[PDB]
Structure formats: C-alpha cells, structure tokens
C-alpha cells in the first residue's frame, strides 16, 4: 500500500511535472489549464513568498516517483482573509490545497494515504494547530477527502465566480477521526 514522503518544491526540476498535472482537465479547479511554464513558475514562486518558511508548496513521493503537490498557505494572505468571509483566524492556522498527478492508474486508497500524509505534515512538521480549506462547493471529490480525515464544514462564503465551502480540521479532530493518523474516518 501507499506510504508517502514529501519535500519542498524545487522550481528548477519540478516545473515540468507540475505544469503537466495542472494541464489535466481533472485539475481544472486550479484554474491553470493551458498555462505556460513561466505561468507555473510564478504560481510556485508566489506560493513560496511568505516570510515564514512553514508555508509553500511540497511534492509527495512514492517508489522514487512524484505523486502529488500540496500547498500549505498562509490564510492571512489568501481569499480566506477577505473582509466578511466568516473565516475566524486562529494562531497556528494553515491553509491547504492539493494537486494530484495526472497519472490515471492507482492502487487502492491513494487519496486517503495522500491526505493522511498532508495532514501529518501540516501538524507535525509545519506546526499547524488547525488546517483550513476553502474549495469550491461544487468540488465534491474534495468534500469526501476532507471528511476522510475529520474536517468539519463551517459554512459557505462567496468569492468572485465561486461559492467556497469553508472547512476546518483541528489537530484534535484529526487525531480522533483517524486514530492518530492510523486510518481514515
């Protein structure tokens, strides 16, 4: 079964893969279809530009091959911090986005193992006390991934072109839901 590691993104080597993944139609919620390599470099650079080194994009690996990208972002420089969204920032909050590779063929439980790895990384390596996500309400696959690791829906809020579904996963809710990262809810 899947056991993942991850490392910080390397723009000098990862651009080709990340650009490919973003061009797959299943990645359309990232809004980077038909982007150039330079467009993807800017996406990665912007994600890496917070002063705090805990934030930025990471690449997951299994058996020597890239498997996914995840971004641990600063909520206070994201859409979440727009006045009036209803997000209530707590010290230690970290945002997360996930991009899976464009490979189609997986072993059982791929995205559950992905999510367990991301959440453990956020809490134990990046010091998060709570993970916050704001996917498009129409992105039903993400809602299932969220539930699998203990996220609770807080509500929906409008951003231009999108209704976002705000969900939170405290370290406490993750540990209870997954038996300390052993399994899915």
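Residue numbers count along the first chain shown, from 1.
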When mean C-alpha B-factors in the record are compared for 154-162 and 121-129, the larger belongs to 154-162
Higher avg CA temperature factor (53-61 vs 142-150, as deposited) belongs to 142-150
Listed options 91, 111, 85, 74: highest C-alpha B factor recorded at 85
On the chain's distribution of Cα B-factors, residue 66 falls within the third called lowest
By the entry's values, the third containing the CA B factor of residue 37 is the middle
Assert third(CA B-factor, residue 169) within chain per record equals lowest
